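Written out below as structure tokens is the structure these notes cover.
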Amino acid sequence: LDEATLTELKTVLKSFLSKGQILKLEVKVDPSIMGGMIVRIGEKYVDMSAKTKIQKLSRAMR
Amino acid sequence: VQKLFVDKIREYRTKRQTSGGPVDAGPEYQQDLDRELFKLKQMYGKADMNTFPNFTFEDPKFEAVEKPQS
């Protein structure tokens, strides 16, 4: 991605912790996630992706 | 994911444009719905659409008892 959408996520990910610290990060590209991003601050895992096609089993689940 | 909420309704409306049953059946849905239509009649029975019950019953014949008495 570009600079205007990454320097926010390198700063809005600092708004969570708030303990006098200097953050670090890794990036890995995966296309099987079709339309989102997953992130793991420690052991947190806020998932927003194309898993939400499998969550439409409830339409087929009576 | 309300952007996915609109995108599974809008490709449900496309399925509501139907002419003859299946859209991509081919030899698949034509054979399977005919294989299953036999099995609801195969071990069940041979039955028409509107034919009433047509039969006739005969009761037990009342024989007599011969009896010289006194």
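Every residue, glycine among them, receives a Cβ derived from its backbone with ideal geometry; neighbour counts consider all protein chains shown. Nothing in this text is a laboratory measurement; each read-out follows from the coordinates by a stated rule.
Starting from the Cα of B:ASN54, step 7 Å along the direction of its Cβ; do the same at A:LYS53; then give the gap between the two resulting points in nm.
Reported label-point gap for B:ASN54 and A:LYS53 is 5.7 nm.
Arrange B:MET43, A:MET34, B:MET49 by Cβ neighbour counts within 10 Å, fewest through most, would you?
Least to most surrounded, the residues fall as B:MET49, B:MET43, A:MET34.
If you take the Cα Rg of the stretch A:1-61 and divide it by 2.2 N^0.38 Å, with N the number of residues, what do you get?
1.44
List the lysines whose Cα lies under 30 Å from the Cα of A:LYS56, skipping any in the same chain that are fewer than 8 positions away.
A:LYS28, A:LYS44, B:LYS3, B:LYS8, B:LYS15
Sorted from largest down, give the three principal axis spans of the alpha carbons of chain B, whole angstrom values.
Here the Cα extents, ordered largest to smallest, are 105, 31, 20 Å.
Between the helical axis of B:28-42 and the dominant principal axis of chain B, each derived from Cα atoms, what acute angle in degrees is found, rounded to the nearest 10?
Approximately 20 degrees, to the nearest 10.
Can you give the Rg and Dmax of the protein assembly as shown based on its C-alpha atoms, in angstrom?
Expressed in Å, the Cα Rg and Dmax of the protein assembly as shown come to 35.9, 128.
Trypsin sites (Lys or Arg not before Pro), restricted to the stretch A:15-52: which are DSSP loop and have at most 11 other Cβ atoms within 10 Å?
Hits after loop and neighbour filter: A:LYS19, A:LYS24, A:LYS28, A:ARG40, A:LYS44.
For a quick check of your reading of the filter: which trypsin sites (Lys or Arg not before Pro) in chain B sit in a DSSP loop and have no more than 15 other Cβ atoms within 10 Å?
B:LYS15, B:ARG16, B:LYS46, B:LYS61
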